[PDB]
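Read the structure below first, then the notes.
Residue numbers begin at 1 in each chain, while the letters A, B, ... track the order of the sequences. Side-chain atoms are counted along with the backbone in the values below, which use heavy atoms only and exclude waters and symmetry mates.
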There are 4 protein chains.
Amino acid sequence: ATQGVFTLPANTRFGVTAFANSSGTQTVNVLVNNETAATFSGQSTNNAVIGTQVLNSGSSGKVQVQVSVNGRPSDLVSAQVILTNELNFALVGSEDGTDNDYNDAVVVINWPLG
Amino acid sequence: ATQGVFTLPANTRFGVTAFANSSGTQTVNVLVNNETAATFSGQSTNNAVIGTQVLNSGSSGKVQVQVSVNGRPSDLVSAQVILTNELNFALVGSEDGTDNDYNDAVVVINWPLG
Amino acid sequence: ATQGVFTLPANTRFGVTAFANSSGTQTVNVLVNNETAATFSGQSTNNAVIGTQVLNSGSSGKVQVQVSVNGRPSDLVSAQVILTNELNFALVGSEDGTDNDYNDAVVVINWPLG
Amino acid sequence: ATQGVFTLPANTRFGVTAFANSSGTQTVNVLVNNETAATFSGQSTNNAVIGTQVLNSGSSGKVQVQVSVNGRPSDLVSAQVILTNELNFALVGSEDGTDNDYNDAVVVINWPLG
Ligand SMILES: [Ca+2]
Ligand SMILES: [Ca+2]
Ligand SMILES: [Ca+2]
Ligand SMILES: [Ca+2]
Ligand SMILES: [Ca+2]
Ligand SMILES: [Ca+2]
Ligand SMILES: [Ca+2]
Ligand SMILES: [Ca+2]
């Protein structure tokens with residue numbers, strides 16, 4: 001099943017933050033309405049934040065996270081969680097190799113902001 | 001129900017990151033085995049990542065997130081989600097006012113790291 | 001924070017199922033548009049399905065779950081999770097006593113159906 | 001990533017319930033310790049419970065859900081959610097066709113029971 005794709009409410013600001021846990025350099029691309037709106041790159045085996053940004057979901061509200069490591073897309077796992085029917089988390093884990101810890105690049109999308 | 005309390009596997013590194021979205025100055029305290037292990041604070045209505053740190057769950061694996069704003073504990077909401085039976089996110093939202101967006105201080109705990 | 005309240009898409013069919021795990025007889029009320037649309041009662045310490053129905057979210061999409069034992073409201077905990085940006089689960093747990101297992105009445109709402 | 005596989009606490013009772021939403025007859029196999037522990041079969045386009053049972057996670061605590069329609073394995077999506085650090089839901093969605101509503105066979109695993 002498709003992972004890393006989320007439908008947010010339209011024209012809504014949301015935060016996107018990426019963490020790295022891998023010997024491999026992580027490149028995280030955040031697409032909004034099918035266009036790259038943010039790119040974070042970094043290498044850490046210590047959950048370092050390799051990037052954070054606030055984006056607008058645009059008219060489509062379509063947000064997609066892609067993670068690439070050593071020239072190959074990482075396998076993605078994701079889910080959206082909603083707390084108290086108001087607070088949203090779009091979560092992404094990714095696996096760049098074979099140990100399947102899926103934390104190589106961890107991406108958290110959260111909204112609403114403000 | 002109690003919120004903001006999570007049982008992690010013992011002696012396990014986890015990341016804890018806080019985001020602020022409120023005119024109110026947020027103060028986030030992270031307790032491990034009931035002892036403060038990290039404290040973050042900030043004032044942003046634009047999802048500033050006011051703090052991130054790597055902690056160890058210790059022998060108890062007990063982790064608790066507390067949030068206060070100008071001397072008042074905020075109301076918390078939380079849940080834990082596990083993806084592909086490997087990646088864990090312990091999520092916390094908090095409300096310091098009356099609009100109930102519960103994003104005033106948002107805390108994300110993730111493990112495993114590395 | 002308010003729990004057991006979910007905003008589903010309007011006029012959408014959804015399933016609501018309740019399980020009991022308590023010495024006490026559970027009463028589960030499912031409210032749509034603030035009106036009781038389904039009610040289940042029963043006692044089991046073996047996860048019996050005391051009720052499962054398909055209801056339509058109506059024009060507002062507002063769905064609320066209430067759990068009480070012989071008239072005494074139980075404490076609720078809830079969250080919503082969406083898988084592959086399509087499959088929705090609204091989850092409710094409830095505590096009617098002191099042990100805090102919050103499984104006295106467990107309610108799961110899922111959509112889309114069909 | 002693998003889906004439908006969950007690690008429950010060892011030797012713990014849990015409930016597993018399957019709902020069907022498809023013209024195809026759904027077969028859900030629940031394995032514990034990699035051995036079939038339960039199997040449900042039914043057809044419904046109205047979220048009917050095609051099976052519900054209480055099982056024990058056994059020594060490994062490993063529980064896997066597999067879904068097949070017409071002898072073909074459905075694609076699965078899943079996640080585990082924990083509320084108030086006590087109540088667990090291991091959720092599974094499955095797709096037997098091309099519309100990708102992933103609700104053809106929905107399986108809900110919950111614990112603790114009692
Ligand atoms: Ca890895
Ligand atoms: Ca890793
Ligand atoms: Ca607020
Ligand atoms: Ca706010
Ligand atoms: Ca109880
Ligand atoms: Ca109970
Ligand atoms: Ca389908
Ligand atoms: Ca279907």
Report yes if the side chains of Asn34(B) and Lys62(B) come closer than 4.5 Å at any heavy-atom pair, otherwise no. yes
Looking only at side chains, do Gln26(D) and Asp96(D) share a donor and an acceptor under 3.5 Å apart? yes
Hey, could you give me the CD/CD1 distance between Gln80(D) and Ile82(B), rounded to the nearest 0.5 Å? 4.0 Å
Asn29(C) and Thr39(C): CA distance, side-chain angles, deciding distance, side chain to side chain donor-acceptor pair (under 3.5 Å) verdict: CA-CA 4 Å; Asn29(C) 281 113; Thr39(C) 322; 3.1 Å; yes
Heavy atoms only: give me the nearest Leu83(D)-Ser78(C) pair and the separation to one decimal. CD1-CA, 3.8 Å
From CG (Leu76(C)) to OG1 (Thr2(C)), nearest 0.5 Å: 10.0 Å
For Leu87(C) and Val77(D), work out which heavy atoms get closest and say how close. CD2-CG2, 4.0 Å
Is any side-chain heavy atom of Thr52(C) closer than 4.5 Å to one of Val16(C)? no
Ignoring hydrogens, what is the shortest heavy-atom contact between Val106(D) and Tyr102(D)? Give both atom names and the distance. CG2-O, 4.4 Å
Contact between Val32(A) and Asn56(A) at the side-chain level, heavy atoms closer than 4.5 Å - yes or no? no
Not counting sequence neighbours, which residues clear side chain to side chain donor-acceptor pair (under 3.5 Å) with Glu95(A)? List them please. none
After noting the C-alpha distance and the side-chain angles of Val30(A) and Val63(A), does the key distance pass the side chain to side chain contact (heavy atoms under 4.5 Å, CB included) rule? CA-CA 7 Å; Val30(A) 187; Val63(A) 178; 4.0 Å; yes
If every non-hydrogen atom of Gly114(A) is compared with every non-hydrogen atom of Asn21(B), which pair is closest and at what distance? N-OD1, 3.0 Å
Do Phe89(D) and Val108(C) come close enough that some side-chain heavy atom pair is under 4.5 Å? yes
Solution key, residues 7-14 of chain A side-chain donor-acceptor pairs under 3.5 Å, sequence neighbours excluded:
unit_1   : atom_1 : unit_2   : atom_2 : d
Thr7(A)  : OG1    : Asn85(C) : ND2    : 2.9
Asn11(A) : OD1    : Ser59(A) : N      : 3.3
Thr12(A) : OG1    : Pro9(A)  : O      : 3.1
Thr12(A) : OG1    : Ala10(A) : O      : 2.9
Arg13(A) : NH2    : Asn46(B) : OD1    : 2.7

For a quick test of reading the model, state the closest non-hydrogen atom pair linking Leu113(C) to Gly15(C) and the distance between them. CD1-N, 3.6 Å
Sidechain-backbone polar pair: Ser57(B) side chain, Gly61(B) backbone, donor-acceptor under 3.5 Å: no
With heavy-atom distances below 4.5 Å as the criterion, would you say the side chains of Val92(C) and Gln3(C) are in contact? no
Which value, rounded to the nearest 0.5 Å, describes the distance between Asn47(B) atom CG and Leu55(A) atom CG? 10.5 Å
Report yes or no: does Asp75(B) contribute a side-chain atom to a donor-acceptor pair with the main-chain N or O of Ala1(C) at less than 3.5 Å? yes
For the pair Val81(A) and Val81(D), evaluate side chain to side chain contact (heavy atoms under 4.5 Å, CB included) and give the outcome as yes or no after the intermediate values. CA-CA 9 Å; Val81(A) 177; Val81(D) 177; 5.5 Å; no
When you compare the side chain of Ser22(C) with that of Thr45(C), does any pair of heavy atoms fall below 4.5 Å? no
Does the pair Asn88(D) and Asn110(D) meet the rule for a side chain to side chain donor-acceptor pair (under 3.5 Å), with working shown? CA-CA 6 Å; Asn88(D) 300 74; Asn110(D) 67 292; over 6 Å; no
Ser74(B) OG to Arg72(B) CZ distance, which is reported to the nearest 0.5 Å: 10.0 Å
Could you go through the side chain to side chain contact (heavy atoms under 4.5 Å, CB included) check for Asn103(A) and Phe19(A) one step at a time? CA-CA 8 Å; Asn103(A) 69 354; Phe19(A) 306 85; over 6 Å; no
Sub-4.5 Å side-chain heavy-atom contact between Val65(B) and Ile109(B): yes
So, do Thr27(C) and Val67(C) sit near enough that their side-chain heavy atoms are less than 4.5 Å apart? no
Dump the intermediate steps for side chain to side chain contact (heavy atoms under 4.5 Å, CB included) on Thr17(D) and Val107(D), then the final yes or no. CA-CA 5 Å; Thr17(D) 303; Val107(D) 179; over 6 Å; no
So which atom in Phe6(C) and which in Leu91(C) form the shortest heavy-atom distance, rounded to 0.1 Å? CZ-O, 3.7 Å
